[PDB]
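Respectively, the protein sequence lines represent chains A and C. Positions in the first sequence are counted from 1; adding 794 to them yields the deposited numbering. Here the second sequence stands for residues 647 to 678, 689 to 695, numbered as in the deposited numbering. Notes for the one structure printed next.
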Amino acid sequence: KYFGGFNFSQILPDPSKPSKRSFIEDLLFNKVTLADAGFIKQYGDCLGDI
Amino acid sequence: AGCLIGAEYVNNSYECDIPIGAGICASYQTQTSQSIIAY
Ligand SMILES: *[C@@H]1O[C@H](CO)[C@@H](O)[C@H](O)[C@H]1NC(C)=O
Ligand SMILES: *[C@@H]1O[C@H](CO)[C@@H](O)[C@H](O)[C@H]1NC(C)=O
C-alpha cells in the first residue's frame, strides 16, 4: 500500500466490510434514504397486520 | 426475485444468457442430459 505516499485507503474496498465496499461508498449509501418498495420478498410482511 | 421452479442450481459461474434478476442467469446446457441451469 505504498503508491508514492498517496493515501488510497478511503476509496479502496475494506476487507472487513462484508459488502466489499469502501468508506466513501458506505457514506454514499447512508446519505440516500432509498426505499426498496419490493426489492425483496415482503408479501409475508403485507399479510401480517400492523 | 422470487422462486424458480424447473431450473437446476449450479455452483459454477458463466456469462449471462437469460437474466433472471438479482444476479442470477439461466442457460440451456449439457449436464455432463441437457437441462436449464441457473447460476
Ligand atoms: C491513510 O489514511 C488513513 C486515515 O487517516 C490512515 O489511518 C492510514 O494510516 C493512512 N495510510 C498511510 C499509508 O498513510
Ligand atoms: C421466506 O422463506 C424462508 C424459508 O423458506 C424464510 O426463512 C424467510 O423468513 C421467508 N421470508 C419471508 C419474508 O417470508
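Virtual Cβ for every residue (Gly too), placed ideally from N, Cα, C.
Buried versus exposed, by CB contacts within 10 Å (16 or more), residue i
i               : result
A668 of chain C : exposed
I844 of chain A : exposed
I693 of chain C : buried
Check whether residue i and residue j have beta carbons under 9 angstroms apart
i               : j               : result
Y695 of chain C : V656 of chain C : yes
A653 of chain C : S689 of chain C : no
Opposing strand residues paired with residue i [DSSP bridges]
i               : result
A668 of chain C : Paired residues: none, contrary to the question.
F797 of chain A : A:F800
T676 of chain C : C:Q690
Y655 of chain C : C:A694
Rounded separation between residue i and residue j - CA only
i               : j               : result
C662 of chain C : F817 of chain A : 30 angstroms
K835 of chain A : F797 of chain A : 44 angstroms
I670 of chain C : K814 of chain A : 19 angstroms
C840 of chain A : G648 of chain C : 16 angstroms
Quiz: which residues have CB nearer than 5 angstroms to ligand 1 non-hydrogen atoms | My final list is A:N801, A:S803.
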